[PDB]
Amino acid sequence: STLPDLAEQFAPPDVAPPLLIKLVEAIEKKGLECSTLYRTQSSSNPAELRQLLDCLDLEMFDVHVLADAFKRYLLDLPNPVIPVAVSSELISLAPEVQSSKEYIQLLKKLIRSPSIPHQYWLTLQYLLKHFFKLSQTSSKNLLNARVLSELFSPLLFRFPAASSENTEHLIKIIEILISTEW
């Protein structure tokens, strides 16, 4: 709620918001192999999780609390990682655009727009790297790229779209972008 805009939390040459780096690195250190990471709610409520996003070393916290604070962070951003301007255009695309490659091309073109601060695309890239690292230990944490897209796309886009052939394409491109990080 008091969480600043992504464009105010950091700037190049930094690669991601410092708070998001702390969360991701703590979660990867403690939960990379956790078979229920991001699929179980912790006991803390939103108010408690937000208190965490202000005050210590995050490794001190329960990994399930960190995972919930990670979700809380994405939800409390004034504008989502993928701005509504971008999602609005992607959803509007006709069925003749059957190509995931085209959807990806358009997301990158739109999100790299000069009207959108570079921090948004940088934050998405950092998150995709995190999701990819998780999917490379799928044999233990059970997370593949598609499930990660289905779990986190509603947090990255923050769009109540009514579910359609368009929404399947957005989930699909996030899936593809996770799997194709390196």
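In this text, residue numbers run from 1 along the sequence as written.
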request  = For the stretch from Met60 to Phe61, please bin the deposited residues that the model skips: none, 1 to 3, 4 to 9, or 10 or more.
outcome  = none
note = Per the PDB entry, mean CA B-factor is higher for 102-110 or 69-77, namely for 102-110
query = If you average the CA temperature factors over each stretch, which comes out higher, 14-22 or 161-169?
reply = 161-169
request  = From the list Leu134, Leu142, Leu156, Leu53, select the residue with the highest C-alpha B factor recorded in the entry.
outcome  = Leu53
inquiry  = Out of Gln119, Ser149, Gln125, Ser44, whose C-alpha atom has the biggest B factor in the entry?
reply    = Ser44
message = Among the modelled residues of this chain, does the Cα B factor of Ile82 put it in the lowest, middle or highest third?
response = lowest
query = Hey, what third does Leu177 fall into on Cα B-factor, ranked over its chain?
reply = middle
